[PDB]
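Colleague:
Chains as they are written, first to last, in the deposited numbering: chain II, 159 to 210; chain ZZ, 274 to 328.
#1: Helix, strand or coil for residue 320 of chain ZZ per DSSP?
#2: To the nearest angstrom, how far is it from the Cα of residue 205 of chain II to the Cα of residue 280 of chain ZZ?
#3: Indicate the three-state DSSP secondary structure (helix, strand or coil) for residue 277 of chain ZZ in the structure shown.
#4: Residues of chain II with CB closer than 7 Å to the CB of residue 325 of chain ZZ, please, in chain order.
Structure (structure tokens):
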């Protein structure tokens with residue numbers, strides 16, 4: 159019945175969590191992807207490419 | 274500029290002294306590693322020679 163449909167709508171929880179998706183690492187036109195790492199006080203940038 | 278134009282002493286004997294300046298050397302990504310259509314063929318050869326050597 160419409161009476162139960164209304165009272166039930168008052169018990170619904172319309173909370174939406176925040177969305178934070180990381181941006182994917184692209185691949186340069188020359189086929190090299192840049193990754194970033196860190197440690198105690200250092201920061202690295204590695205360009206990985208198909209090679210030997 | 275007036276002292277530079279003075280033909281009395283050209284100081285050509287004196288080499289230019291650059292000890293006050295600290296030259297910096299910059300590194301660049303090797304151009305031989307750029308994955309181009311020509312290098313792909315180069316890797317295919319190495320990748321295939323490796324299989325033969327072990328086989």
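Beta carbons are placed, not taken as given, at the ideal position from N, Cα and C, and that holds for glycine.
Modeller: The short version:
#1: helix
#2: Computed Cα separation, rounded: 56 Å.
#3: helix
#4: Going along chain II, no residue has its Cβ under 7 Å from residue 325 of chain ZZ, so there is no contact; the nearest lies around 16 Å.
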